[PDB]
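**Student:** I'd like to ask some things about the structure below.
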Amino acid sequence: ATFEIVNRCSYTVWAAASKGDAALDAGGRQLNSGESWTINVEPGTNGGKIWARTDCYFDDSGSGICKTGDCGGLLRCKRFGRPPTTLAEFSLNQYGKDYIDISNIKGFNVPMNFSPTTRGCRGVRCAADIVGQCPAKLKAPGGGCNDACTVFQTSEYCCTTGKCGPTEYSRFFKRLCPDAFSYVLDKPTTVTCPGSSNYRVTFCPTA
């Protein structure tokens with residue numbers, strides 16, 4: 001499957017793509033405002049994620065740091081990034097279907113559209129100004145809006161026991177972005193697409 005990753009933000013983003021234990025394609029790349037990066041994700045990939053990182057500095061070897069979404073200080077991410085990170089999530093070719101979603105379970109840093117470029121399913125979007133409206137206790141100094149599990153580390157926010165309800169923090173994410181997961185047991189906003197579809201992730205889809 002092919003994914004086009006488009007940075008429509010007015011600021012530079014460092015895109016990342018990983019399945020947790022390995023990079024997807026090159027795993028990461030700088031995207032200036034307007035740049036597009038097309039990657040190939042291998043069929044059958046389970047638990048892939050794509051996200052944006054902000055305010056990064058890297059050297060020759062590709063080591064450095066980002067203020068949101070840092071994946072162990074690497075330009076080419078091998079594992080997942082440090083919250084807050086708006087997440088495009090996908091599992092491909094699972095019994096003939098593809099499954100996609102956007103998640104705020106690890107916080108929010110950049111607005112995002114996640115849409116197929118082929119037929120047979122709708123896209124999902126979280127493009128509200130969650131950073132600007134972020135509750136005081138959830139603002140990340142580096143920018144972005146943390147999830148309550150990251151901040152407070154309780155069984156309720158992290159759904160540690162497998163049983164947990166919506167919270168005043170999760171309701172904040174859900175009210176601004178109904179089409180994204182706001183907590184672990186949220187009523188699923190997953191979209192079912194035909195197997196072997198292709199996709200476009202757009203950062204800052206409206207502004």
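Every chain in the structure tokens has a letter given in the order shown (A, B, ...), and although residue numbers restart at 1 in each chain, ligands are simply numbered from 1 in the order shown.
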Any chance you could list, as a PyMOL selection string, the residues in region 7-205 of chain A that come up strand (DSSP E) when DSSP is run on the backbone?
**Tutor:** chain A and resi 7+13-18+23-31+36-40+48-58+64-68+87-94+97-103+112-116+124-126+180-181+191-194+199-203
**Student:** Find the residues near region 54-63 of chain A: any atom within 7 Å, counting only C-alpha atoms, skip ones fewer than 3 places away on the same chain, and give them as JSON, numbers by chain.
**Tutor:** {"A": [13, 14, 66, 67, 68, 73, 74, 75]}
**Student:** Which of these residues is nearest to residue 93 (chain A), using only C-alpha atoms: A:192, A:161, A:155, A:167?
**Tutor:** A:192
**Student:** Report as JSON, numbers by chain all protein, DNA and RNA residues lying within 12 Å of residue 185 (chain A), evaluated on only C-alpha atoms, omitting residues in the same chain fewer than 2 positions from it.
**Tutor:** {"A": [103, 105, 156, 157, 158, 159, 160, 161, 162, 163, 164, 165, 166, 167, 170, 181, 182, 183, 187, 188, 189]}
**Student:** Can you tell me which residues surround residue 122 (chain A) at a distance of at most 8 Å, considering only C-alpha atoms, apart from same-chain residues fewer than 3 positions away, and format the answer as a PyMOL selection string?
**Tutor:** chain A and resi 115-116+191
**Student:** Would you put the residues from that selection into a file with N, CA and C atoms, as an mmCIF file, in the first residue's frame?
**Tutor:**
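Result written to part.cif:
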```cif
data_model
loop_
_atom_site.group_PDB
_atom_site.id
_atom_site.type_symbol
_atom_site.label_atom_id
_atom_site.label_comp_id
_atom_site.auth_asym_id
_atom_site.auth_seq_id
_atom_site.Cartn_x
_atom_site.Cartn_y
_atom_site.Cartn_z
ATOM 1 N N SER A 115 -7.398 10.077 4.961
ATOM 2 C CA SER A 115 -8.361 9.733 3.918
ATOM 3 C C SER A 115 -7.788 8.736 2.924
ATOM 4 N N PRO A 116 -8.614 7.834 2.395
ATOM 5 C CA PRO A 116 -8.161 6.970 1.307
ATOM 6 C C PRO A 116 -8.098 7.738 0.001
ATOM 7 N N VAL A 191 -12.726 3.114 10.734
ATOM 8 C CA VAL A 191 -13.332 3.063 9.409
ATOM 9 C C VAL A 191 -12.834 1.798 8.721
#
```
**Student:** Using only C-alpha atoms, determine which residues lie at most 10 Å from residue 83 (chain A), disregarding the query and same-chain residues fewer than 4 positions distant; provide the list as an MDAnalysis selection string.
**Tutor:** chainID A and resid 53 67:71 87 104:109 140 144:147 150:151
**Student:** Between A:10, A:197, A:18, A:2, which residue has the minimum interatomic distance to residue 50 (chain A), considering only C-alpha atoms?
**Tutor:**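 Ranked by minimum distance to residue 50 (chain A), first place goes to A:18.
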**Student:** With distances taken over only C-alpha atoms, which of A:88, A:138, A:65, A:23 is nearest to residue 5 (chain A)?
**Tutor:** A:88
